[PDB]
Structure formats: C-alpha cells, structure tokens
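Reading the structure
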Amino acid sequence: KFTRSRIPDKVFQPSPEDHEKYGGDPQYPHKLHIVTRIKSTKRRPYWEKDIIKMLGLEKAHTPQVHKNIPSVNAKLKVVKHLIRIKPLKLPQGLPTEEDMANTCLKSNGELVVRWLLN
Amino acid sequence: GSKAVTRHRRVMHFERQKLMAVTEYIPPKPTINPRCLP
Amino acid sequence: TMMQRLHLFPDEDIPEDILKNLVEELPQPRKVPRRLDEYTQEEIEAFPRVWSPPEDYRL
Amino acid sequence: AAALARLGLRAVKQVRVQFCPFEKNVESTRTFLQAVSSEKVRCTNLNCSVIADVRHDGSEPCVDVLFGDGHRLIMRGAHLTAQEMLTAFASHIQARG
Amino acid sequence: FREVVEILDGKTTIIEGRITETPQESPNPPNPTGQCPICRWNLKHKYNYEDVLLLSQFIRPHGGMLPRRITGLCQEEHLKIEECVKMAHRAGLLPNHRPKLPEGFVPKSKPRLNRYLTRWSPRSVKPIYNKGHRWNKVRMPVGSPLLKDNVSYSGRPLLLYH
Amino acid sequence: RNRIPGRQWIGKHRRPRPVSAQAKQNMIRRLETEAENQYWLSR
Amino acid sequence: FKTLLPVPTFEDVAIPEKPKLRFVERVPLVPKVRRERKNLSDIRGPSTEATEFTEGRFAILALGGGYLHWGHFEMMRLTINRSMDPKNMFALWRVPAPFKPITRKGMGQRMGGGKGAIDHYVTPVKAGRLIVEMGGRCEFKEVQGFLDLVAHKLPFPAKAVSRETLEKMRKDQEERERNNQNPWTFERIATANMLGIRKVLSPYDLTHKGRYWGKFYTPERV
Amino acid sequence: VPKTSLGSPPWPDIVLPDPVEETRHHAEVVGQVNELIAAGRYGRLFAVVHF
Amino acid sequence: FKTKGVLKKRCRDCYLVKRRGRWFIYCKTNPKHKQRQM
RNA sequence: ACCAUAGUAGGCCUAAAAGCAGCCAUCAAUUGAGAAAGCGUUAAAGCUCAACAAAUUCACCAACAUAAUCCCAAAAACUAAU
RNA sequence: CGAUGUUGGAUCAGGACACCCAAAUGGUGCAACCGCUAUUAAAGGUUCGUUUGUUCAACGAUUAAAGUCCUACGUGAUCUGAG
Ligand SMILES: [Mg+2]
Ligand SMILES: [Mg+2]
Ligand SMILES: [Mg+2]
Ligand SMILES: [Mg+2]
Ligand SMILES: [Mg+2]
Ligand SMILES: [Mg+2]
Ligand SMILES: [Mg+2]
Ligand SMILES: [Mg+2]
Ligand SMILES: [Mg+2]
Ligand SMILES: [Mg+2]
Ligand SMILES: [Mg+2]
Ligand SMILES: [Mg+2]
Ligand SMILES: [Mg+2]
Ligand SMILES: [Mg+2]
Ligand SMILES: [Mg+2]
Ligand SMILES: [Mg+2]
Ligand SMILES: [Mg+2]
Ligand SMILES: [Mg+2]
Ligand SMILES: [Zn+2]
Ligand SMILES: [Zn+2]
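What counts and how
Counting starts from 1 on each chain and goes along its sequence as written, which need not follow the entry numbering; residues with no coordinates are hidden. Chains and ligands are labelled by the order in which they are written, letters from A for the one and numbers from 1 for the other. For these chains, which sit within a larger assembly, all listed values pertain solely to the part presented. The basis for every side-chain value is the complete set of heavy atoms in the structure, and neither hydrogens nor water enter the calculation. UniProt positions are given in the numbering used here, feature names are shortened, and annotations may be inferred rather than shown by experiment. Burial classes: relative accessible area under 20% of the type maximum marks a residue as buried, over 50% as exposed, and values in between as partly exposed (1.4 Å probe, protein chains only). Any two residues whose heavy atoms approach within 4.5 Å are treated as being in contact. Patch definition: residues with relative accessible area over 30% and no salt bridge; like charges joined within 9 Å; nonpolar side chains (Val, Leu, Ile, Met, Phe, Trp, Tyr) joined within 5 Å. Residue-level accessible areas treat just the shown protein chains as cover; the underlying method is Shrake-Rupley with a 1.4 Å probe. Salt bridge, as used here: a side-chain nitrogen of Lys or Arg that lies within 4 Å of a carboxyl oxygen of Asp or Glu. Helix and strand assignments follow DSSP, with helices taken as H or I runs no shorter than four residues and strands as E runs no shorter than two, numbered in order from the N terminus. Aromatic contacts are taken between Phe, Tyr and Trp rings whose centres are within 6.5 Å, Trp giving its six-membered ring; a plane angle under 30 degrees counts as stacked, one over 60 as edge-to-face, and the others as tilted. Whether a charge sits over a ring comes down to the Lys NZ or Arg CZ being within 6 Å of the ring centre and within 35 degrees of the ring normal.

- Method of structure determination, per the deposited record: cryo-EM was used for this entry, reaching 3.2 Å resolution.

Shown next, in the form of structure tokens:
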C-alpha cells in the first residue's frame, strides 16, 4: 500500500555548515516564511492537495507568508517537495501605517518599505 | 501486472530510473594521479 | 525546389558560367590537421624532445 | 639455444668465438657462446668443433663461423645484441647450406 | 640509435653494430619532479591523435610503436599514445613512416578514402545493415574511449558514438 | 523491423527509454531546492 | 635467483569423519499436505540467516535470490564429492533440504477451478547467504577453482569466497559508501521522501536502499 | 612553451582596454554625440517605446 | 574450427590471436583445438 | 626464455603397477631437481611442469547466433552551457 | 457477431535463413571413395506416380536436390468442394 509517510526527526537536525550555506543565523531562527507553490498538486495524493489548499498556496508562483511556529511547520513538512520556502527579511523593519501603500516584496525575499520616492 | 519478485528484471517506473541514475556512486578523483607524482 | 539551387562538383572544374556568379566563400567547418611532412623545421625544433633514448637501442 | 637446435646445425664446419672478458660490451657475444655450446646444438652434428678464444688485450669481440657452402660468416658483436646475432646466424646459415 | 650493417665480400659476410647520434631530452621541463615523460611536460590530458610532433617521438622509422620500458611512459599514457598513433596512421598523417617497397607504389588502388578519428581497422568492420530504431540503435564508434579524459574547453563531453 | 510487443509503455516488455543528462540536471535541481527547504523548516 | 617464502601450514585443522556431503532427500519424510501460498518475499531482499562462516574457511556465496530444488542439490553433491580430497577437505550444507511445496496444474487447464497439486519442493535462498561451506588443510585456490563451477551452475548468480575474500568485499562495500562524492544517495532521498518519491518506491525500499530490486542484487549500488 | 591541439584554448585571446582610458574615451564619444544633438544634425528619429 | 562463446586453450601449444575483429585460438599440434569467438 | 643427473624398479596387492590402476610412508645425494603436478607406456623408454643457475614493462576476473514487403530522420567527437 | 465465408488441392507465387542442391572453406575416430560435423553464401533451383478428403504418413521410380518455415495455417469479388 502507498500511504502517508513518516519523516524521521534526524532529517531536520541541521549541520553547522548549513548555516553558512543557506544564510541562516546559527543563534536566532527567522520569524516568518515566504512560501511559494513551485509544483502542481495533480498526480499527488488528496491529503497533499488539502494541505496546499489550507496553506493559501492554491495559485502557483505567488508568494504567501506564514508564521515559523511548529503548527505550521508540520503541514509545510508534509508538502515540502511542492514548495519553495525562503525567510522573510526586513532591512527597513516592519511597515508603519504610513508605509502600507509603498510596500513591496523583492525576490531575494526581502520586504522594502519605501518604494519609488519621487 | 507483475508480482513484486520476478525472473525477468522488471522495468522500473521512469521516475524511479531517474532516481537510480542520479544516486549512482561517484568515485573520488585525486587532484594529481599518485602514479605521476614522485 | 531548393535542391535545384545546389551545385556539386567532384573536383575543382566549374563551368565558367557558374564561376562568374560566386559572391563569397564560406569558411570550411573543420580545421584540417597537417601531416608530419607539412611542418616547417622551425616548428619541429621548436617542439621539445620529451624523452631521451638510450644510445645502445636500435631503431 | 632452442631455435638453433630446431635448425639442424650439421651444415657447419667450425665455430670460433674470440672475445675479451674484461670489456664492458662482451655480454652479447658470451650469450651467443652459451647458446651454441648447449647440448642440443652441440649434438646435432659431431663434425663441428666449437672453439673459445679468450684474450685480455684484443679489445674487439668477434664471432667467426665457416660452413660447407665454402661460406665464411663473420659477425663482430660490439654493439650487436645476442638474439640479433642468433637471428642473423639462423637466416644466414640455414637458408644457405 | 644504433644501425646494424651487413656486407657481402667474396663469400665472406660481415655484420657489425654502429652507433649514431641520439637527440636528447629538451633542457628544461615544467614539472621536473614529474615521473613519466608526458607528465613532466604537462601534456597529460592534452595531446590528441592530431598532434604529430608529439607522437612521432615514440615509434619506429617503419611506423610501429616503440616499446614501453625504453620510452618510460606511465602505462596508461602508453596505451593512449598507442591508440593515437594507430588513429593517426589511419588518418593519413605520418606518410614518411611507412615501410619503403619499390614495387608496390606503382599498383594504384582507388584513391585513399580520407578518414580521421578511426578506432577500428578498415578491413575488420562489417557494414551495419540493420541500423535499428530510436530505442535499440546501432551506434558507430568515433575516436577511442582512452581519450575520454582529454580536457574539454566547451565543457560538453566528447561524443564517442554516432 | 524491431517491433515493441503489445503497447509501448505498459506491459511486461516496454520501450527501453534512457535517462537524459537533462533529466539528471532537473532532478538534482529539485533535490537542492528541497534540501534548502528542509533547512528552513528545521528551527 | 629468487628468495623463498614461508609456506602456510595447517596444524590446527581437524578433519571430521564423513567429510563428503550428505545425501539429501527429494521429498521431506513428512510431506506437507496443506498447500502453501507462495511468499516470493522469502527470496526478496538481503539475507538474515546463514550470513557468516561456522567451521569452514571457504564457501559459496549467493549474489542473487533464488529457489534451489533437488536437481541443484544433486549437482552440488556429486560435483563437489568427486572434486575433493576426502582426506584433506570437508564440506558442509549451509542450506536445509527442500521443504517448500510448489504447485502446478496440468498443462492445458483453464484459469481457476482451485489451486494446483504439489509438484516438487524447493528451498528459498536470499542474496548474501552461504550455500555450501568447505573447510580443510587446503589453500583457497584449489577449492575456488572447482567451487566456481558449482557456483556457476546455481540458479542465482554466485561466487566462491574465503573468509579473507568476504571481509575484503565487505570492507570495500562500506569504504565505497563513505568515499562517495555525490551528496545524493538512495537512502537520504527515500527516507526524507524528497520529491514525493515515496509514491514510486515500495515500503521495503527503505530497508533495501536501492541495492536490492526484486530478487536481483546489484553490489555496485552503494 | 609546447603546443598541442588542446593545451591552448580554441578561441581568440581577448584584451580589454584599461578602465581609465576607456572612461576618457567614453566621455569623449558622448561629447561628440551630444554635439550632434545640439546642432540638429540628426535626420529622423525612430524610437522603441513600451506602451 | 568451432564457434564458441568462451575460448579456452586445450593444451600448452594453443595460442590466442585477434583477427578480423574477433578472438581466435589456433593450435599447430592439434588442429582440433581451433576455436573462433562468436 | 632457460634447463633436467642420485639411492631407486621406494615397500606392497596384481600377468605387469619402473614418478604417474590402487593402499602406506614421502625420507635421502648434489649449489640445485616432488618417492612426482600434467601428458605418455602392456610395464618402461619418452615429452613437459615446478629446482638451480639466467634474467627480469605490465599481466586477478571479465568476451554469447537469428525471421519472415523495404535499412530506417538527416547528421555530428570542441569558439566557452546551471 | 447491422458477417473479418472455414480444411486440403489448382493457379501465381512474395519473403526469412535456422542451406536440401549448386559455390567457397575449418575439423575429423579425414589414406582414397564415401561420409559425420562446423563456418560463409539466399542470384537460381527443389520430380513423377499408387492409396488417403486429407496436411502429415507408408510405398514405387527417380533426381544435383526432392529444404525448414512465414505470408488472415499466402491466394474462393481467380477456380475446386472430396472433407
Ligand atoms: Mg500490480
Ligand atoms: Mg503495438
Ligand atoms: Mg508492452
Ligand atoms: Mg547462473
Ligand atoms: Mg622449469
Ligand atoms: Mg548460426
Ligand atoms: Mg532513413
Ligand atoms: Mg463475428
Ligand atoms: Mg459493416
Ligand atoms: Mg518464391
Ligand atoms: Mg547462414
Ligand atoms: Mg554443397
Ligand atoms: Mg529460394
Ligand atoms: Mg496459425
Ligand atoms: Mg488459408
Ligand atoms: Mg480454400
Ligand atoms: Mg465464385
Ligand atoms: Mg480474396
Ligand atoms: Zn605519468
Ligand atoms: Zn592445443
């Protein structure tokens, strides 16, 4: 029988070089995910289809942002072969209420607050 | 449909073949051949 | 049709009619290696003797 | 020494080998001597004598072989190798005889 | 290079060894620590069947390969150079290294087919009558797998079968 | 002249089709994205 | 001139009586009346039992999986018994007599109607199991020479091995797998279900790790 | 310095001018074109436009 | 001559030779030892 | 490539068993050569192996025919390709 | 299955080669004549009768030989209809 699948925790214990490699900080985990749906749910089991639906990942190549809490990481772990996950970065920090209209999201995964001054 | 075990070697699903082909052993290649070293 | 615009001659003998239309000559797609007798003695002495044969040995 | 035995040395009269033991170049001629001196080649014909001439001063090793064609084959091994001497010997002394 | 001379005078035959001058290894190699002759000149994975100036250094005046213990080649490279020499003979380079035979130059045969990079010998190859379809296809060998390690400047691996 | 028995891609005997350098590239690139993917899922 | 070397000497070898192979029976003495389903799963994958030597220093090692019926036992028994010095060598069965009933129908039957009847008995052999174990005051080389015949006439691919040969190829097997240059191994991808590949794989694969496929075993597979 | 079919890359060697002389050359050229514009010596213009 | 899948020397006088893109076993003493690899 | 002489037909059973149907010992001369690893003989004699000496590139395994109207894209080993 | 008419003959044969004859060879427990094997070769050949509906098979006489097969067990909008 083809079934769902366990994923041993050993997979998710990061090696010290990986920090250097993907650009994560050894000390502090990032706060938010930008998840994108890179593949299609067709030819995949219904449960992955559902997980993708409830992650807001319905439309392809569109970014979506999610908490980095374990509740979410569980579902993401199920569909991790269908998606691309990159940490959200805030060079200019989080947007105030004056900056909502000028916000834009650059492909390096970073959120710029002031877009196109004069 | 064929049984799991068979006599004739049993062609794989293409995706499995791609798996097999990507995961082949790669022998380490020394920078200089030890023979052509002193 | 465009097979009719192709003209093939086994050697170089071409009707002067067909010679008089030629605009330009395409560069040959393979670089032809010279034989050993084509090389200038300059080029032969310029390339290193790699090994030193024993004087006793006969060729 | 075998290829000489197969070839039926009986067409030969006299074989002498003149060489100079203390020279550095004589190993070849010596190899020839021990190839012709072997029991097979020696017993193919009893009409043939094998003489070893040993001198310190002569300084040039040499091999001289007479046979009944009225032929005289003289090979001066100096820079000549053993099996070149024995091949020359074979094709020379067999094809003629 | 030691020539062997034979003379016939009055029912006496003289055979003698005679020494000529051998050219010497060029004064200053790039990798003097290097073991094998190809390697100390940094020619490993560089020479092809096409490089004659290199190949003609190991062979005999009559076109055959020199032995290995004389030349000093690393075993692998010896085989490579042998392949190359065959391939180059067949390609029609080294025309001076054939054996000279006064009679046989006269009897023309159909003008030599120009070929290059030929792995087998011409007399030994059966024509492939059956080709075969896209999935089972008979491929025709070009060049030798001994040279599959030559440096590729394009980056794409040399294509050994078509 | 060399027929594939029955239907091409289905049965006990199938059309042999080989894996392409292209396919190895693609598969490997996916793998890389997934390894990174499960790095970011780790902490 | 060549210098000698000390010859291997066997003072410690004790030869048992009846050194030649026992005759094995075509059919077990208590014939199985109840028709068994065929686990093919008993030929499939690596072997657990009979992986190691016991008394002897030589063996035939099974590289594939297969069924051994009486014909093969006969073949091995005769071939080995007249190929050995009964004084200096002894042999041993590392495999049980054939116990597993295999059915057939008369040729010309339509499908269905019930199970067939018991035609013969076989022994299941998983890849990596020693078939026959030969000890003695022998050097490996003679034994190897005539053992490879037997090995070759077995249904699965097989080899003749000594203790030294076996540990050689095992250390080589693991050393090849810690040498590996490419980051992507069957284990690594399968366990973590990368690319959702678990869809195309069988559960057993997690254990087999792409070394075993059906009854076949490819040793080159890391 | 030996020469084999391979040891030398099969493509023309490139020499790109020093950055300073290049910056000078560029300013010079721009000056020239700019003169062409100021004088009105361009005949008729075409323009590729995103719309 | 026999066409065989495996060539093996049947005596000390057999020699082994590659001609016409094949392997051959020729024997001068016993011509019955002649073999051609298929 | 090279080379082969000694107790001795070792003791037995057999018409004969002389290194070589079989059973048992497996010692011993010579720098060196098994109471003999292959062939051979009715029993021998006779050819080779291992032994000295002579020398010394490297040498473990690996090879496998075919169908019926007409083969079946054409072709091609490098100018830079995550 | 709103029909892909079925055995053997006749006629005309298309093809494979796993060769029966003709050609060229290797091995022989090949002296010679015969043979027995194996390799290569498919342009051309491969009989007439007694009985059987017969294909096979048996028998008479011969042939250089009387090949093995495939073609909707080739071929009924060309024939036959014994079965
Ligand atoms: Mg199934
Ligand atoms: Mg079909
Ligand atoms: Mg099919
Ligand atoms: Mg087998
Ligand atoms: Mg010897
Ligand atoms: Mg055949
Ligand atoms: Mg075509
Ligand atoms: Mg119907
Ligand atoms: Mg209709
Ligand atoms: Mg016809
Ligand atoms: Mg044929
Ligand atoms: Mg004939
Ligand atoms: Mg015909
Ligand atoms: Mg039928
Ligand atoms: Mg019909
Ligand atoms: Mg009809
Ligand atoms: Mg009608
Ligand atoms: Mg019709
Ligand atoms: Zn080298
Ligand atoms: Zn032989």
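The structure having been displayed, the exposition proceeds.
**A word on the UniProt feature "binding site: Zn(2+)" (unreviewed entry) in chain I**
Residue and element names in this part refer to chain I.
- Using the residue numbers shown here, the UniProt feature "binding site: Zn(2+)" (unreviewed entry) corresponds to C11, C14, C27 and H33. Their sequence span is 23 residues, while the largest C-alpha to C-alpha distance among them is just 8.5 Å; these annotated residues converge on one region.
- Residue classification places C14 among the buried positions, given a relative accessible area of 6%.
- Apart from residues lying up to four places away in sequence, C14 is in contact with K9, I25, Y26, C27 and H33.

**Considerations on a nonpolar patch on the surface**
Residue and element names in this part refer to chain H.
- On the surface, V29, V33, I37, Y42 and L45 cluster together to form a nonpolar patch covering roughly 480 Å² of accessible area.
- Inspection of the secondary structure assignment puts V33 in helix α1 (residues 19-39).
- For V33, a relative accessible area of 44% gives the class partly exposed.

**Points about the pattern of salt bridges**
Residues and elements named next belong to chain E.
- Per the counting criterion, the structure on display carries 28 salt bridges over all chains.
- When the shortest N-O distance is used, the salt bridge between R18 and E3 registers 3.4 Å. Remark: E3 occurs in strand β1 (residues 2-9) and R18 occurs in strand β2 (residues 12-19); sequence separation between them is 15 residues.
- Residue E3 is classed as partly exposed on the basis of its relative accessible area, which comes to 39%.
- For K86, the salt bridge goes to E82, with nearest N and O atoms at 3.7 Å.

**Considerations on the arrangement of the chains**
- Once contacts are tallied for each of the 13 pairs of chains in contact, the highest total is for chains C and E.
- Nothing in chain B touches chain D, and the closest approach of their C-alpha atoms is 32 Å.
- No interface is formed between chain D and chain H, the nearest pair of C-alpha atoms being 35 Å apart.

**Notes on the packing of aromatic side chains**
- Counted according to the given criterion, the structure contains 13 aromatic pairs over all chains.
- With centroids separated by 5.6 Å and ring planes inclined at 65°, the aromatic side chains of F32 of chain D and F89 of chain D adopt a geometry described as edge-to-face. Taken as a pair, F32 of chain D in helix α2 (residues 27-36) and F89 of chain D in helix α4 (residues 82-95) lie far apart in primary sequence, 57 residues in all.
- With centroids separated by 5.6 Å and ring planes inclined at 40°, the aromatic side chains of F58 of chain G and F140 of chain G adopt a geometry described as tilted. Here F140 of chain G lies in helix α2 (residues 140-152) and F58 of chain G lies in strand β1 (residues 58-62), a separation of 82 residues in the sequence. Of the two residues examined, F58 of chain G and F140 of chain G, each falls in the buried class.
- One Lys or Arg, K77 of chain A, reaches over the ring of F12 of chain A and ends 3.9 Å from the middle of that ring.
- Residue placement shows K34 of chain I over the ring face of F1 of chain I; its charged tip is 5.0 Å from the ring centre.

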